[PDB]
Structure formats: C-alpha cells, structure tokens
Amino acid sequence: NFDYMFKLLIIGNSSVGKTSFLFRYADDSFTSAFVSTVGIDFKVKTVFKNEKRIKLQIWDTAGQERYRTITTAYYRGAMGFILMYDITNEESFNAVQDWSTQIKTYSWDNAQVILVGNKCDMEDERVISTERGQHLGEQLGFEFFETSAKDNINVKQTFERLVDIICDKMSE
C-alpha cells in the first residue's frame, strides 16, 4: 500500500542535531538531553505527492568517526541525503566537503542532497553566516536550508524538498 519507497540518510558531524532533526520530523517533539547515537538507526514515515503514497525510510547516522565504516555501509541504496552542519560550530561546517565526497564515494549513483545548517535559533552563537552556507550549497550543487529542530523551523520543508527533487529525477 505504497507507490514508492525512498531511502534517506541524515549525515554530518556529531552534535549537529541529526537525531533531533529526525525526532522533530517524525514525532513532532524535541528534547535537550543529548544522547549520542551508536552506529545507526531508522524511522519510517508516509507522505503523499501527486496522489502517490511514498514511504520514507529515514536513517539517522552516527557522526563520530568510530562509526564511519558502519554508517557508510548503510549508504547503499540511498535515494536522498541530508548533509547537516551546526551554524554555531565551525568544525562541522568545515567537514561538509568531506561528507560530500563520502556521499559521492559510497553512493556513486546520483542521490539528491540537501545541505542543512541547523540550530538557527541560536542567533547569538552563530559563526557560519547564511550566505556562506548557501554559497557552499551552490558550490556543491545542493539545495540549502537553515533549520532549527528545537523551534521546528524548515524541517518539514527540508524533507518535502528532498521528496520533490527525488520525484523530479526518475521522471524522464
């Protein structure tokens, strides 16, 4: 009772908000208790586009380098990626290029990517500007969003844009 199934992966450095992002999209909730993800996990969610029923299998990956090998082992079959950095963390933004090459390496076939700078509620602690993020997105050929899982800003928009551009491809 679904017309399509899209595999999406949320990747990026530790602490950028990946689990929080998925938790907000899938359960409409948020928690401040940081608990680091071991390995990988997933949730599922059904959406509708042009009368079509789409099952999203959204995988939440671990950002710690110790879990690189396992997380990249689950890239296979990915149709979509959310590459997340933290607008208050310079390191997480610097790592975006590496994350992009990892997407290209372990997911050679063309998967759509959205670049997401999370924690945009934290305006006082911003170190990455919005235009820096969208320029990096333009450089990599990715759509760009600034988001807050805490305040539920541009979460639904990110996932729905991902579904849109996945559906625009495969329509040939």
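Heads up: residue numbers just count along the shown sequence, starting at 1.
Novice: For the higher mean C-alpha B factor in the entry, choose 118-126 or 103-111.
Specialist: On average, C-alpha B-factors are higher across 103-111.
Novice: If you average the Cα B factors in the entry, which is higher, 6-14 or 160-168?
Specialist: Per the PDB record, 160-168.
Novice: Rank-wise, by C-alpha B-factor, drop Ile58 into the lowest, middle or highest third of its chain.
Specialist: Lowest third - that is where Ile58 ends up once the chain's C-alpha B-factors are sorted.
Novice: Looking at the C-alpha B-factor of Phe142, is it in the lowest, middle or highest third of its chain?
Specialist: For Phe142, the deposited C-alpha B-factor lands in the middle third.
Novice: Lowest, middle or highest third: which one holds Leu83 when the chain's residues are ordered by CA B-factor from the entry?
Specialist: For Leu83, the deposited C-alpha B-factor lands in the lowest third.
Novice: Consider only the C-alpha atoms of the modelled residues in this chain, order them by B-factor as the entry records it, and name the third containing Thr31: lowest, middle or highest.
Specialist: Middle third.
Novice: What third of the chain does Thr69 rank in for C-alpha temperature factor, lowest, middle or highest?
Specialist: Middle third - that is where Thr69 ends up once the chain's C-alpha B-factors are sorted.
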